[PDB]
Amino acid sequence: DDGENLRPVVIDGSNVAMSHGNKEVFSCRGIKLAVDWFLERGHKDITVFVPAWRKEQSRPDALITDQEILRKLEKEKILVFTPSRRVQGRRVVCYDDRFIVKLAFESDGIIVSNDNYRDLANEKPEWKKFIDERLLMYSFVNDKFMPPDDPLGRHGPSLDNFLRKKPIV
């Protein structure tokens, strides 16, 4: 009764925020737009990973817009901050790519990102296979989040079936 035939969705928050932000600004609205696109379809299991330091105030070398969105998505049990802290004045950021891939793999889900995570794929063959079969790339056209209807190409599933556990034929 609550989207149990839908795959868990794991979103690369930084990838999406930078993409909506035209690669120069961390645009939190982009994360909201991606999230909302899945909610509108009945997805209940959605996780967005973002490094903790993105909570810090906007600065010239790390511009960010609509930052309050992050706390709101966290309050909705959708966004999860991954670890970061300063050590000897240097920001040390745990690799969130690893959180993204591990969570999607272990929950048998889908990854929303334009990043192909080749370093991680080259680390473990089961992850390479998984990323090959479960990556959902996308385009933004202004505020319009547009995933492809043919996410794995001409010989792959429809987008509708790609997001289901059991496909509909």
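Residue positions are given as counts along the sequence shown, with the first one as 1.
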- line: Comparing mean C-alpha B factor in the record for 6-14 and 19-27, the higher one is 19-27
query: What stretch has the higher average Cα B-factor here, 47-55 or 121-129?
result: 121-129
- prompt: Taking the C-alpha B-factors as the PDB entry records them, is residue 97 in the lowest, middle or highest third of its chain?
  reply: middle
- line: On the chain's distribution of Cα B-factors, residue 64 falls within the third called lowest
Chain-relative CA temperature factor third for residue 77: middle
query: When the modelled residues of the chain are sorted by Cα temperature factor, does residue 151 land in the lowest, middle or highest third?
result: middle
- line: Assert third(CA B-factor, residue 107) within chain per record equals highest
